[PDB]
Amino acid sequence: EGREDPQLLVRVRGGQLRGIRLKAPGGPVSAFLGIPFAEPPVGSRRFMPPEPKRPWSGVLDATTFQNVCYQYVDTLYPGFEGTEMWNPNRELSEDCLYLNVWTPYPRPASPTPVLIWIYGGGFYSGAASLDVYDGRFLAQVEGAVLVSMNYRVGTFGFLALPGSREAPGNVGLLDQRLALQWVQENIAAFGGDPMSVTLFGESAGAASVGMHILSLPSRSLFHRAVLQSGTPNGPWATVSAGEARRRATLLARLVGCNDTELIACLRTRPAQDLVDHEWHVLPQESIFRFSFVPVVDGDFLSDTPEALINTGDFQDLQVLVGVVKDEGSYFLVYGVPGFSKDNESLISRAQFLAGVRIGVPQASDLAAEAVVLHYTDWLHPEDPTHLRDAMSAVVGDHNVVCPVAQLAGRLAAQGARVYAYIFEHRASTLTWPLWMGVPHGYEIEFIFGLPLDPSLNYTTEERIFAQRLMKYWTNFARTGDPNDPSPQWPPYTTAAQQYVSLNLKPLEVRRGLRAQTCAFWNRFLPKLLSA
Ligand SMILES: *[C@@H]1O[C@H](CO)[C@@H](O)[C@H](O)[C@H]1NC(C)=O
Ligand SMILES: *[C@@H]1O[C@H](CO)[C@@H](O)[C@H](O)[C@H]1NC(C)=O
(Lines give C-alpha, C1' and ligand atoms only; values in the text may rest on other atoms or scores of the structure.)
(Ligands and ions follow the chains in the order given, each with its own letter.)
Protein backbone atom coordinates (compact mmCIF):
# COMPACT_ATOMS: atom_id res chain seq x y z
CA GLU A 1 0.00 0.00 0.00
CA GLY A 2 1.44 3.24 -1.32
CA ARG A 3 2.48 2.21 -4.81
CA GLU A 4 -0.08 -0.59 -5.11
CA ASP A 5 -3.24 -0.66 -7.20
CA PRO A 6 -5.83 1.05 -4.97
CA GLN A 7 -8.59 -0.98 -6.59
CA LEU A 8 -7.29 -4.30 -5.18
CA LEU A 9 -7.11 -3.60 -1.43
CA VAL A 10 -10.13 -4.71 0.61
CA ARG A 11 -10.86 -5.35 4.31
CA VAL A 12 -12.96 -8.22 5.65
CA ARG A 13 -13.94 -9.24 9.21
CA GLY A 14 -10.60 -11.02 9.64
CA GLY A 15 -8.43 -8.30 8.17
CA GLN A 16 -6.91 -6.74 5.10
CA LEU A 17 -6.68 -8.45 1.75
CA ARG A 18 -4.77 -7.72 -1.43
CA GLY A 19 -6.21 -9.17 -4.64
CA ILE A 20 -5.04 -9.37 -8.23
CA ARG A 21 -6.16 -7.84 -11.50
CA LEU A 22 -6.87 -10.60 -14.06
CA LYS A 23 -7.42 -10.38 -17.77
CA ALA A 24 -10.70 -11.68 -19.12
CA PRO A 25 -11.23 -11.51 -22.89
CA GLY A 26 -13.45 -8.41 -22.75
CA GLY A 27 -11.53 -6.64 -19.97
CA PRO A 28 -10.05 -6.86 -16.47
CA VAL A 29 -11.62 -8.45 -13.39
CA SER A 30 -10.71 -8.39 -9.69
CA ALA A 31 -9.74 -11.68 -8.07
CA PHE A 32 -9.26 -12.46 -4.38
CA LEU A 33 -7.99 -16.02 -4.18
CA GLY A 34 -7.02 -18.14 -1.16
CA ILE A 35 -8.95 -16.27 1.52
CA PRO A 36 -9.06 -18.33 4.70
CA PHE A 37 -12.54 -18.67 6.18
CA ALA A 38 -11.71 -21.31 8.84
CA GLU A 39 -8.97 -22.30 11.26
CA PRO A 40 -6.94 -25.06 9.52
CA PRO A 41 -8.77 -28.25 10.41
CA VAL A 42 -5.54 -30.15 11.20
CA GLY A 43 -4.19 -32.20 14.15
CA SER A 44 -6.78 -32.41 16.91
CA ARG A 45 -9.27 -30.67 14.58
CA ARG A 46 -9.43 -33.43 11.98
CA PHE A 47 -13.03 -34.72 11.65
CA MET A 48 -14.31 -31.72 13.63
CA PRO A 49 -16.75 -28.95 12.62
CA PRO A 50 -14.77 -26.02 11.25
CA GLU A 51 -13.95 -23.08 13.50
CA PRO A 52 -14.21 -19.52 12.12
CA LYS A 53 -10.83 -18.14 11.09
CA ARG A 54 -9.25 -15.82 13.61
CA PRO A 55 -8.22 -12.31 12.43
CA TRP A 56 -4.74 -11.92 11.01
CA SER A 57 -2.47 -8.91 11.00
CA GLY A 58 -1.01 -7.16 8.00
CA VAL A 59 -2.26 -7.48 4.48
CA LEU A 60 -3.02 -11.09 3.52
CA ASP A 61 -1.86 -11.83 -0.02
CA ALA A 62 -4.90 -13.10 -1.93
CA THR A 63 -3.37 -13.36 -5.42
CA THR A 64 -3.11 -17.15 -5.76
CA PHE A 65 -5.22 -20.24 -5.17
CA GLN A 66 -4.65 -22.02 -1.87
CA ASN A 67 -4.11 -25.72 -1.08
CA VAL A 68 -6.58 -28.34 -2.28
CA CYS A 69 -8.22 -30.48 0.42
CA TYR A 70 -6.43 -33.83 0.74
CA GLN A 71 -7.95 -36.34 -1.64
CA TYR A 72 -7.63 -39.37 -3.85
CA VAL A 73 -6.17 -38.52 -7.27
CA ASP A 74 -7.76 -40.36 -10.23
CA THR A 75 -5.23 -42.30 -12.34
CA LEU A 76 -7.36 -44.32 -14.78
CA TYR A 77 -6.06 -42.54 -17.92
CA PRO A 78 -2.69 -40.81 -17.12
CA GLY A 79 -2.04 -37.47 -18.90
CA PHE A 80 -5.37 -37.62 -20.75
CA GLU A 81 -7.20 -34.25 -20.48
CA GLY A 82 -10.53 -35.99 -20.00
CA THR A 83 -9.46 -37.07 -16.52
CA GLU A 84 -6.75 -34.50 -15.74
CA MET A 85 -8.99 -31.43 -15.87
CA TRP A 86 -10.70 -32.73 -12.69
CA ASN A 87 -7.49 -33.45 -10.76
CA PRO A 88 -5.98 -31.22 -8.00
CA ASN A 89 -4.01 -28.32 -9.43
CA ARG A 90 -2.41 -27.12 -6.17
CA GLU A 91 -0.76 -28.92 -3.29
CA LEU A 92 -2.90 -31.41 -1.31
CA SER A 93 -3.15 -30.45 2.33
CA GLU A 94 -5.56 -30.74 5.24
CA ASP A 95 -4.92 -27.01 5.56
CA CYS A 96 -7.30 -26.23 2.71
CA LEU A 97 -10.28 -24.20 3.93
CA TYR A 98 -10.00 -21.14 1.70
CA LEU A 99 -12.39 -19.40 -0.68
CA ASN A 100 -12.17 -17.31 -3.82
CA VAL A 101 -13.95 -14.16 -4.94
CA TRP A 102 -14.14 -12.68 -8.47
CA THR A 103 -15.80 -9.33 -9.15
CA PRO A 104 -15.83 -6.73 -11.94
CA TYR A 105 -12.96 -4.26 -12.07
CA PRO A 106 -13.33 -1.75 -10.67
CA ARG A 107 -15.75 -3.22 -8.14
CA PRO A 108 -19.48 -2.63 -8.67
CA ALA A 109 -20.56 0.65 -7.05
CA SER A 110 -23.96 -0.76 -6.13
CA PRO A 111 -24.80 -4.15 -4.55
CA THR A 112 -24.50 -7.00 -7.08
CA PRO A 113 -26.13 -10.50 -6.96
CA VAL A 114 -23.71 -13.15 -5.76
CA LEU A 115 -23.22 -16.64 -7.17
CA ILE A 116 -21.62 -19.23 -4.92
CA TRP A 117 -20.15 -22.34 -6.56
CA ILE A 118 -19.92 -25.70 -4.85
CA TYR A 119 -17.82 -28.22 -6.80
CA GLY A 120 -18.67 -31.91 -7.23
CA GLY A 121 -16.36 -34.97 -7.24
CA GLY A 122 -18.29 -37.61 -5.30
CA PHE A 123 -17.65 -35.98 -1.91
CA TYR A 124 -14.16 -37.52 -2.24
CA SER A 125 -12.51 -35.00 -4.57
CA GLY A 126 -12.64 -31.60 -6.21
CA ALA A 127 -11.30 -28.10 -5.75
CA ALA A 128 -12.50 -24.58 -6.36
CA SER A 129 -9.28 -23.73 -8.19
CA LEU A 130 -9.82 -25.89 -11.30
CA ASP A 131 -9.81 -24.09 -14.63
CA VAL A 132 -13.41 -25.11 -15.36
CA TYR A 133 -14.62 -23.18 -12.30
CA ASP A 134 -12.85 -19.96 -13.29
CA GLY A 135 -15.18 -17.03 -12.37
CA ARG A 136 -13.49 -14.36 -14.51
CA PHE A 137 -16.00 -14.66 -17.39
CA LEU A 138 -19.21 -14.45 -15.37
CA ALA A 139 -17.71 -11.52 -13.42
CA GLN A 140 -16.45 -9.70 -16.56
CA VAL A 141 -19.38 -10.33 -18.94
CA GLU A 142 -22.37 -10.53 -16.54
CA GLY A 143 -21.01 -8.26 -13.83
CA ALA A 144 -21.50 -11.07 -11.25
CA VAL A 145 -19.77 -11.38 -7.91
CA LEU A 146 -18.65 -15.00 -7.88
CA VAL A 147 -17.62 -17.01 -4.85
CA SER A 148 -16.27 -20.56 -4.57
CA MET A 149 -14.96 -22.38 -1.42
CA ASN A 150 -12.89 -25.48 -0.75
CA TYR A 151 -14.53 -27.95 1.67
CA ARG A 152 -13.16 -31.13 3.24
CA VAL A 153 -13.80 -34.27 1.18
CA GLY A 154 -13.40 -38.01 1.76
CA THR A 155 -12.79 -39.18 5.32
CA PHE A 156 -11.62 -35.69 6.33
CA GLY A 157 -14.99 -34.24 5.38
CA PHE A 158 -17.39 -37.12 5.94
CA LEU A 159 -16.14 -39.91 8.15
CA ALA A 160 -18.66 -40.15 10.95
CA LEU A 161 -19.26 -42.02 14.17
CA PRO A 162 -22.81 -40.71 14.46
CA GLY A 163 -23.50 -39.42 17.94
CA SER A 164 -19.84 -38.98 18.93
CA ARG A 165 -18.51 -35.52 19.70
CA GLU A 166 -15.23 -35.94 17.88
CA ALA A 167 -16.56 -37.14 14.46
CA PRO A 168 -20.24 -36.19 14.20
CA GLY A 169 -20.37 -36.37 10.40
CA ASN A 170 -21.16 -33.84 7.68
CA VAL A 171 -18.28 -31.51 8.55
CA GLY A 172 -17.60 -30.93 4.83
CA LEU A 173 -21.16 -29.53 4.67
CA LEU A 174 -20.40 -27.33 7.67
CA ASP A 175 -17.28 -26.10 5.81
CA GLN A 176 -19.64 -25.00 3.04
CA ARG A 177 -22.02 -23.44 5.57
CA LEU A 178 -19.18 -21.43 7.17
CA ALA A 179 -18.21 -20.07 3.73
CA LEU A 180 -21.87 -19.02 3.24
CA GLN A 181 -21.78 -17.21 6.62
CA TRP A 182 -18.59 -15.54 5.48
CA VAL A 183 -20.36 -14.31 2.37
CA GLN A 184 -23.16 -12.82 4.46
CA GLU A 185 -20.74 -10.94 6.64
CA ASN A 186 -18.12 -9.82 4.12
CA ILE A 187 -19.32 -9.82 0.50
CA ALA A 188 -20.71 -6.25 0.72
CA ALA A 189 -17.02 -5.26 0.99
CA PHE A 190 -16.48 -6.42 -2.58
CA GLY A 191 -19.68 -4.90 -3.99
CA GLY A 192 -21.71 -8.07 -3.50
CA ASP A 193 -25.34 -8.10 -2.23
CA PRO A 194 -25.67 -10.47 0.74
CA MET A 195 -29.47 -10.21 0.22
CA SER A 196 -29.19 -11.81 -3.22
CA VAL A 197 -27.18 -15.04 -2.98
CA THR A 198 -27.74 -17.94 -5.37
CA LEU A 199 -26.03 -21.29 -4.69
CA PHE A 200 -24.99 -23.45 -7.65
CA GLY A 201 -23.10 -26.70 -7.91
CA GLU A 202 -22.74 -29.78 -9.96
CA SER A 203 -23.01 -33.47 -9.16
CA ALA A 204 -22.01 -33.74 -5.48
CA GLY A 205 -21.86 -29.92 -5.38
CA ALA A 206 -25.53 -30.04 -6.50
CA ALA A 207 -26.37 -32.67 -3.80
CA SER A 208 -24.68 -30.20 -1.42
CA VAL A 209 -26.82 -27.29 -2.59
CA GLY A 210 -29.73 -29.64 -2.06
CA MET A 211 -28.74 -30.28 1.52
CA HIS A 212 -28.51 -26.60 2.31
CA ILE A 213 -32.07 -26.24 1.02
CA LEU A 214 -33.10 -28.99 3.47
CA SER A 215 -31.09 -27.82 6.45
CA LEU A 216 -32.69 -24.95 8.32
CA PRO A 217 -29.63 -23.12 9.56
CA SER A 218 -28.39 -22.84 5.94
CA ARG A 219 -31.68 -21.43 4.76
CA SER A 220 -31.04 -17.88 5.96
CA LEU A 221 -27.77 -17.76 4.01
CA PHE A 222 -29.05 -17.85 0.45
CA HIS A 223 -32.15 -17.04 -1.60
CA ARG A 224 -32.04 -19.24 -4.71
CA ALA A 225 -30.37 -22.47 -5.85
CA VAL A 226 -29.16 -24.23 -8.99
CA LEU A 227 -28.72 -28.03 -8.98
CA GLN A 228 -26.73 -29.35 -11.94
CA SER A 229 -26.84 -33.14 -12.42
CA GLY A 230 -27.18 -33.91 -8.67
CA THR A 231 -29.75 -34.01 -5.85
CA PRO A 232 -29.74 -34.64 -2.12
CA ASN A 233 -32.28 -37.49 -2.64
CA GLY A 234 -31.28 -40.61 -4.60
CA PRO A 235 -29.02 -43.57 -3.95
CA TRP A 236 -25.52 -42.06 -3.65
CA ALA A 237 -25.71 -38.65 -1.89
CA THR A 238 -26.34 -39.84 1.70
CA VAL A 239 -25.88 -42.90 3.87
CA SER A 240 -27.70 -43.86 7.09
CA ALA A 241 -26.12 -43.44 10.47
CA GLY A 242 -25.68 -47.22 10.68
CA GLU A 243 -23.85 -47.45 7.38
CA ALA A 244 -21.65 -44.42 8.17
CA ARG A 245 -20.70 -46.06 11.46
CA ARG A 246 -19.96 -49.36 9.77
CA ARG A 247 -17.67 -47.73 7.12
CA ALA A 248 -15.86 -45.49 9.62
CA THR A 249 -15.05 -48.46 11.79
CA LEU A 250 -14.00 -50.70 8.91
CA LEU A 251 -11.69 -47.92 7.71
CA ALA A 252 -10.25 -47.51 11.24
CA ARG A 253 -9.50 -51.26 11.20
CA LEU A 254 -7.81 -51.04 7.77
CA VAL A 255 -5.36 -48.44 9.11
CA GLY A 256 -4.80 -50.14 12.45
CA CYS A 257 -7.14 -48.42 14.88
CA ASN A 258 -15.26 -46.53 22.46
CA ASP A 259 -15.55 -43.82 19.74
CA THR A 260 -13.21 -41.37 21.50
CA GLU A 261 -10.29 -43.86 21.30
CA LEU A 262 -11.01 -45.03 17.74
CA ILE A 263 -11.15 -41.38 16.60
CA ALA A 264 -8.03 -40.34 18.49
CA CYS A 265 -6.23 -43.18 16.79
CA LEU A 266 -7.57 -42.08 13.35
CA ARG A 267 -6.22 -38.58 14.18
CA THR A 268 -2.68 -39.97 14.48
CA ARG A 269 -2.78 -41.46 10.94
CA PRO A 270 -1.01 -39.79 7.97
CA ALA A 271 -3.58 -38.13 5.67
CA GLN A 272 -2.36 -40.32 2.81
CA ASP A 273 -3.03 -43.58 4.72
CA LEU A 274 -6.71 -42.56 5.10
CA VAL A 275 -6.89 -41.75 1.39
CA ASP A 276 -5.22 -45.07 0.51
CA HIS A 277 -7.98 -47.12 2.17
CA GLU A 278 -11.13 -45.06 1.89
CA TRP A 279 -12.40 -46.79 -1.25
CA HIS A 280 -12.13 -50.27 0.33
CA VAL A 281 -15.12 -49.82 2.64
CA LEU A 282 -17.94 -49.90 0.04
CA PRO A 283 -20.34 -52.83 0.73
CA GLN A 284 -20.51 -53.98 -2.94
CA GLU A 285 -18.59 -53.63 -6.23
CA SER A 286 -20.14 -50.41 -7.50
CA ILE A 287 -20.12 -47.42 -9.71
CA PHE A 288 -21.59 -44.03 -8.80
CA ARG A 289 -21.14 -44.89 -5.09
CA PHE A 290 -18.82 -43.13 -2.68
CA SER A 291 -17.41 -44.20 0.70
CA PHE A 292 -17.71 -41.04 2.73
CA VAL A 293 -20.72 -38.80 2.01
CA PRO A 294 -23.33 -36.85 4.07
CA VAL A 295 -24.87 -38.95 6.78
CA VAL A 296 -28.48 -38.72 8.00
CA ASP A 297 -27.37 -37.59 11.49
CA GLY A 298 -30.71 -36.25 12.69
CA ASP A 299 -28.76 -33.00 13.00
CA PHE A 300 -27.63 -31.25 9.79
CA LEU A 301 -30.16 -33.59 8.17
CA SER A 302 -33.10 -34.06 10.54
CA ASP A 303 -34.36 -36.96 8.40
CA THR A 304 -33.64 -38.59 5.01
CA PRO A 305 -33.69 -36.19 2.06
CA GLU A 306 -36.64 -38.23 0.73
CA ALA A 307 -38.70 -37.54 3.83
CA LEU A 308 -37.64 -33.89 3.88
CA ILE A 309 -38.48 -33.09 0.25
CA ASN A 310 -41.80 -34.94 0.76
CA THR A 311 -42.98 -32.86 3.70
CA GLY A 312 -41.16 -29.60 3.22
CA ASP A 313 -42.69 -26.24 2.51
CA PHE A 314 -40.74 -24.64 -0.34
CA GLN A 315 -42.80 -21.52 -0.97
CA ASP A 316 -40.19 -18.80 -0.94
CA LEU A 317 -37.72 -20.82 -3.02
CA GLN A 318 -36.74 -20.60 -6.69
CA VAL A 319 -34.72 -23.45 -8.16
CA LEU A 320 -33.04 -24.26 -11.45
CA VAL A 321 -32.29 -27.99 -11.93
CA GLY A 322 -31.20 -30.13 -14.82
CA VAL A 323 -29.16 -32.95 -16.38
CA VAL A 324 -26.84 -33.63 -19.31
CA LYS A 325 -27.91 -35.89 -22.13
CA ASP A 326 -25.70 -38.80 -21.06
CA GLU A 327 -25.28 -38.79 -17.26
CA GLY A 328 -24.15 -42.42 -17.11
CA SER A 329 -21.49 -42.93 -19.80
CA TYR A 330 -18.57 -41.34 -17.92
CA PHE A 331 -19.01 -43.83 -15.07
CA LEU A 332 -19.03 -46.99 -17.16
CA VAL A 333 -15.39 -46.66 -18.29
CA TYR A 334 -14.15 -46.73 -14.73
CA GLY A 335 -15.61 -49.90 -13.36
CA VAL A 336 -17.87 -51.86 -15.68
CA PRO A 337 -16.06 -54.57 -17.59
CA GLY A 338 -16.39 -54.22 -21.39
CA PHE A 339 -16.33 -50.43 -21.29
CA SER A 340 -13.44 -48.20 -22.42
CA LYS A 341 -12.69 -44.71 -23.71
CA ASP A 342 -10.43 -46.28 -26.37
CA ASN A 343 -12.99 -48.32 -28.32
CA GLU A 344 -16.67 -48.45 -29.06
CA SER A 345 -17.47 -50.52 -25.95
CA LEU A 346 -19.89 -52.76 -27.83
CA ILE A 347 -20.83 -55.19 -25.06
CA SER A 348 -22.55 -58.57 -24.80
CA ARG A 349 -25.76 -59.48 -22.98
CA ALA A 350 -23.67 -61.14 -20.27
CA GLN A 351 -21.71 -57.95 -19.67
CA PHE A 352 -24.99 -55.98 -19.58
CA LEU A 353 -26.38 -58.25 -16.84
CA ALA A 354 -23.09 -57.95 -14.93
CA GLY A 355 -23.01 -54.13 -15.33
CA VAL A 356 -26.56 -53.85 -14.05
CA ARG A 357 -25.43 -55.57 -10.79
CA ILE A 358 -22.54 -53.07 -10.54
CA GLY A 359 -24.74 -50.08 -11.49
CA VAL A 360 -27.49 -51.02 -9.03
CA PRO A 361 -25.35 -52.58 -6.31
CA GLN A 362 -28.15 -52.49 -3.72
CA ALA A 363 -30.49 -54.55 -5.92
CA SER A 364 -31.85 -57.97 -5.00
CA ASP A 365 -31.94 -60.53 -7.80
CA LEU A 366 -35.53 -59.77 -8.67
CA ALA A 367 -34.95 -56.00 -8.67
CA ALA A 368 -32.01 -56.43 -11.01
CA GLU A 369 -34.15 -58.63 -13.29
CA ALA A 370 -36.75 -55.87 -13.36
CA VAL A 371 -34.02 -53.39 -14.44
CA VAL A 372 -32.80 -55.71 -17.20
CA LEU A 373 -36.35 -56.43 -18.34
CA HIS A 374 -37.13 -52.75 -18.56
CA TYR A 375 -33.97 -51.70 -20.40
CA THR A 376 -33.61 -54.70 -22.76
CA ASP A 377 -34.74 -53.99 -26.31
CA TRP A 378 -36.94 -57.04 -26.86
CA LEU A 379 -36.73 -56.73 -30.65
CA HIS A 380 -32.94 -57.00 -30.36
CA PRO A 381 -32.10 -58.32 -26.89
CA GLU A 382 -28.46 -59.21 -27.82
CA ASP A 383 -27.60 -56.15 -29.89
CA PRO A 384 -24.28 -54.77 -28.53
CA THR A 385 -24.94 -51.17 -29.41
CA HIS A 386 -28.29 -51.04 -27.61
CA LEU A 387 -26.88 -52.92 -24.61
CA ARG A 388 -24.01 -50.45 -24.38
CA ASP A 389 -26.39 -47.45 -24.54
CA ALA A 390 -28.95 -49.12 -22.23
CA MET A 391 -26.21 -49.61 -19.61
CA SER A 392 -25.40 -45.97 -19.77
CA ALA A 393 -29.09 -45.05 -19.34
CA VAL A 394 -29.43 -47.44 -16.33
CA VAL A 395 -26.62 -45.60 -14.55
CA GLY A 396 -27.67 -42.06 -15.63
CA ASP A 397 -31.38 -42.68 -14.84
CA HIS A 398 -30.89 -44.41 -11.50
CA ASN A 399 -28.31 -41.88 -10.20
CA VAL A 400 -29.22 -38.56 -11.69
CA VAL A 401 -32.07 -38.20 -14.20
CA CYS A 402 -34.73 -39.86 -12.04
CA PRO A 403 -33.65 -38.32 -8.71
CA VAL A 404 -33.75 -34.94 -10.49
CA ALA A 405 -37.30 -35.78 -11.72
CA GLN A 406 -38.39 -36.69 -8.19
CA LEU A 407 -36.83 -33.48 -6.79
CA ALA A 408 -38.37 -31.09 -9.34
CA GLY A 409 -41.75 -32.71 -8.84
CA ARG A 410 -41.77 -32.64 -5.04
CA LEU A 411 -40.43 -29.08 -4.98
CA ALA A 412 -43.11 -27.76 -7.35
CA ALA A 413 -45.90 -29.69 -5.64
CA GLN A 414 -44.85 -27.85 -2.54
CA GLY A 415 -44.75 -24.27 -3.74
CA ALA A 416 -41.26 -23.74 -5.12
CA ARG A 417 -40.75 -22.15 -8.52
CA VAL A 418 -38.75 -24.70 -10.58
CA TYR A 419 -37.06 -24.45 -13.98
CA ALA A 420 -35.68 -27.66 -15.51
CA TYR A 421 -33.31 -28.30 -18.41
CA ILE A 422 -31.55 -31.00 -20.33
CA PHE A 423 -28.16 -29.96 -21.68
CA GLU A 424 -27.49 -31.61 -25.04
CA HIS A 425 -24.48 -30.00 -26.67
CA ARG A 426 -21.23 -31.93 -26.92
CA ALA A 427 -18.18 -29.63 -26.77
CA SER A 428 -16.32 -29.64 -30.09
CA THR A 429 -13.19 -29.93 -27.91
CA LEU A 430 -14.28 -33.07 -26.03
CA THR A 431 -11.54 -35.74 -25.72
CA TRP A 432 -13.89 -38.59 -24.66
CA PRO A 433 -15.20 -40.78 -27.56
CA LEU A 434 -18.47 -40.12 -29.38
CA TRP A 435 -20.36 -43.05 -27.96
CA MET A 436 -20.20 -41.33 -24.52
CA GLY A 437 -22.41 -38.60 -25.97
CA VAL A 438 -22.69 -35.51 -23.75
CA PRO A 439 -21.15 -36.79 -20.60
CA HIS A 440 -21.62 -35.89 -16.96
CA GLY A 441 -19.80 -32.68 -15.98
CA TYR A 442 -19.34 -31.33 -19.52
CA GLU A 443 -21.91 -28.53 -19.29
CA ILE A 444 -19.92 -26.71 -16.59
CA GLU A 445 -17.31 -25.19 -18.93
CA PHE A 446 -20.20 -23.55 -20.87
CA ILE A 447 -22.01 -22.18 -17.80
CA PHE A 448 -18.73 -20.58 -16.69
CA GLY A 449 -18.12 -19.21 -20.17
CA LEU A 450 -14.77 -20.80 -21.03
CA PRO A 451 -15.68 -20.71 -24.75
CA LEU A 452 -15.11 -16.90 -24.52
CA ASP A 453 -11.41 -17.51 -24.14
CA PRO A 454 -10.14 -17.55 -27.74
CA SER A 455 -7.11 -19.66 -26.85
CA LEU A 456 -9.39 -22.58 -25.82
CA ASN A 457 -10.31 -23.29 -29.49
CA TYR A 458 -14.11 -23.52 -29.07
CA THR A 459 -16.25 -22.63 -32.11
CA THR A 460 -17.96 -19.29 -32.65
CA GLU A 461 -21.40 -20.86 -32.12
CA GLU A 462 -20.14 -22.40 -28.88
CA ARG A 463 -19.06 -18.89 -27.89
CA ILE A 464 -22.61 -17.60 -28.49
CA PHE A 465 -24.10 -20.62 -26.77
CA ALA A 466 -21.95 -20.02 -23.65
CA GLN A 467 -23.08 -16.37 -23.64
CA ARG A 468 -26.71 -17.51 -23.67
CA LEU A 469 -26.19 -19.94 -20.76
CA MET A 470 -24.35 -17.31 -18.75
CA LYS A 471 -27.38 -15.01 -19.30
CA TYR A 472 -29.88 -17.69 -18.19
CA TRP A 473 -27.90 -18.44 -15.02
CA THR A 474 -27.30 -14.81 -14.01
CA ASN A 475 -30.91 -13.79 -14.93
CA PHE A 476 -31.96 -16.61 -12.63
CA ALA A 477 -29.59 -15.47 -9.81
CA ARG A 478 -30.80 -11.92 -10.27
CA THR A 479 -34.60 -12.45 -10.40
CA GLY A 480 -35.47 -16.14 -9.88
CA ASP A 481 -36.31 -16.35 -13.59
CA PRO A 482 -33.91 -17.46 -16.36
CA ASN A 483 -35.90 -15.52 -18.98
CA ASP A 484 -34.93 -12.07 -20.24
CA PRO A 485 -37.84 -9.55 -19.88
CA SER A 486 -36.62 -15.48 -27.95
CA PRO A 487 -38.62 -18.60 -26.94
CA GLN A 488 -39.59 -18.68 -23.24
CA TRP A 489 -38.51 -21.09 -20.53
CA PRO A 490 -41.68 -22.13 -18.69
CA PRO A 491 -41.58 -23.22 -15.04
CA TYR A 492 -41.64 -26.98 -14.36
CA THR A 493 -45.00 -28.07 -12.84
CA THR A 494 -46.41 -31.41 -11.68
CA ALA A 495 -49.21 -31.15 -14.27
CA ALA A 496 -47.31 -30.15 -17.43
CA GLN A 497 -43.77 -31.25 -16.49
CA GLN A 498 -42.12 -28.82 -18.86
CA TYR A 499 -38.37 -28.44 -19.33
CA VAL A 500 -36.17 -27.02 -22.06
CA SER A 501 -33.33 -28.29 -24.20
CA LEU A 502 -30.07 -26.34 -23.95
CA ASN A 503 -28.17 -26.67 -27.23
CA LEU A 504 -27.00 -24.57 -30.23
CA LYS A 505 -30.60 -24.19 -31.41
CA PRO A 506 -33.10 -21.86 -29.71
CA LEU A 507 -34.87 -23.13 -26.60
CA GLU A 508 -37.25 -25.97 -27.32
CA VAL A 509 -39.86 -26.89 -24.71
CA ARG A 510 -40.45 -30.57 -23.87
CA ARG A 511 -42.70 -32.45 -21.50
CA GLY A 512 -41.94 -35.25 -19.06
CA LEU A 513 -38.44 -35.96 -17.83
CA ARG A 514 -38.19 -39.66 -18.74
CA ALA A 515 -41.63 -39.91 -17.12
CA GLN A 516 -42.27 -43.56 -17.88
CA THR A 517 -38.85 -44.88 -16.94
CA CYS A 518 -38.66 -42.62 -13.89
CA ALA A 519 -41.93 -44.08 -12.56
CA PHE A 520 -40.10 -47.40 -12.51
CA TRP A 521 -37.14 -46.11 -10.45
CA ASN A 522 -39.07 -43.65 -8.26
CA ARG A 523 -42.37 -45.48 -7.54
CA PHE A 524 -41.83 -49.15 -8.35
CA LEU A 525 -38.19 -50.06 -7.50
CA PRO A 526 -38.55 -49.14 -3.77
CA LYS A 527 -41.64 -51.37 -3.43
CA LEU A 528 -39.83 -54.21 -5.17
CA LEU A 529 -36.70 -53.93 -2.97
CA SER A 530 -38.95 -54.91 -0.03
CA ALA A 531 -38.94 -57.81 -1.01
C1 LIG B 1 -12.72 -52.23 -25.41
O2 LIG B 1 -11.68 -52.24 -24.44
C3 LIG B 1 -11.94 -52.94 -23.23
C4 LIG B 1 -10.77 -52.79 -22.25
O5 LIG B 1 -9.52 -52.87 -22.91
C6 LIG B 1 -12.26 -54.40 -23.50
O7 LIG B 1 -12.62 -55.11 -22.34
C8 LIG B 1 -13.43 -54.46 -24.47
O9 LIG B 1 -13.68 -55.82 -24.79
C10 LIG B 1 -13.10 -53.67 -25.73
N11 LIG B 1 -14.22 -53.75 -26.65
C12 LIG B 1 -14.20 -54.60 -27.68
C13 LIG B 1 -15.53 -55.05 -28.25
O14 LIG B 1 -13.14 -55.02 -28.16
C1 LIG C 1 -5.62 -24.53 -30.17
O2 LIG C 1 -5.24 -24.62 -31.53
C3 LIG C 1 -3.87 -24.36 -31.81
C4 LIG C 1 -3.60 -24.51 -33.31
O5 LIG C 1 -3.47 -25.87 -33.65
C6 LIG C 1 -2.94 -25.27 -31.01
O7 LIG C 1 -1.60 -24.92 -31.26
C8 LIG C 1 -3.26 -25.14 -29.52
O9 LIG C 1 -2.46 -26.03 -28.76
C10 LIG C 1 -4.74 -25.44 -29.31
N11 LIG C 1 -5.10 -25.35 -27.91
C12 LIG C 1 -5.93 -26.27 -27.42
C13 LIG C 1 -6.09 -26.34 -25.93
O14 LIG C 1 -6.54 -27.04 -28.16
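Whatever order the structure lists ligands and atoms in, that order sets their numbers, starting from 1. FYI, the numbering just counts along the sequence from 1. Atoms considered below: every heavy atom in the structure, side chains included; atoms not considered: hydrogens, waters and symmetry mates.
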Which of parallel (below 30°), tilted (30 to 60°) and perpendicular (above 60°) describes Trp117 and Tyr133?
-> tilted

Which ligand 1 atoms does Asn343 reach within 4.0 Å, using its non-hydrogen atoms?
-> 1 (C), 2 (O), 3 (C), 8 (C), 10 (C), 11 (N), 12 (C), 14 (O)

Quick one: which ligand 1 atoms are inside 4.0 Å of a heavy atom on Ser340?
-> 1 (C), 2 (O), 3 (C)

Checking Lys341 against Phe80: charged group under 6.0 Å from the ring centre and within 45 degrees of the axis?
-> yes

Assign the ring pair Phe200 / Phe448 to parallel, tilted or perpendicular, where the plane angle (0 to 90°) is split at 30° and 60°.
-> parallel

Ring pair (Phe, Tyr, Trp, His ring centres under 6.0 Å): which pairs involve residues 356-375, sequence neighbours left out?
-> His374-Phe520

Quick one: side chain to side chain contact (heavy atoms under 4.5 Å, CB included) partners of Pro40, sequence neighbours excluded?
-> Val42, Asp95

Short list, please: which atoms of ligand 1 are under 4.0 Å from a heavy atom of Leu346?
-> 13 (C)

For ligand 2, list the protein residues that place a heavy atom within a distance below 4.0 Å of one of its atoms, sorted by chain and number.
-> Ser455, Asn457

All salt bridge (charged side-chain N to carboxylate O under 4.0 Å, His left out) counterparts of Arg388, not counting sequence neighbours | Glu344

Please examine the side chains of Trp102 and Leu33, heavy atoms only from C-beta on, and report whether any two atoms are closer than 4.5 Å.
-> yes

For ligand 1, is there an N or O atom under 3.5 Å from any N or O atom of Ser345?
-> no

With side chains defined as the heavy atoms from C-beta onward, is the minimum distance between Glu142 and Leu115 less than 4.5 Å?
-> no

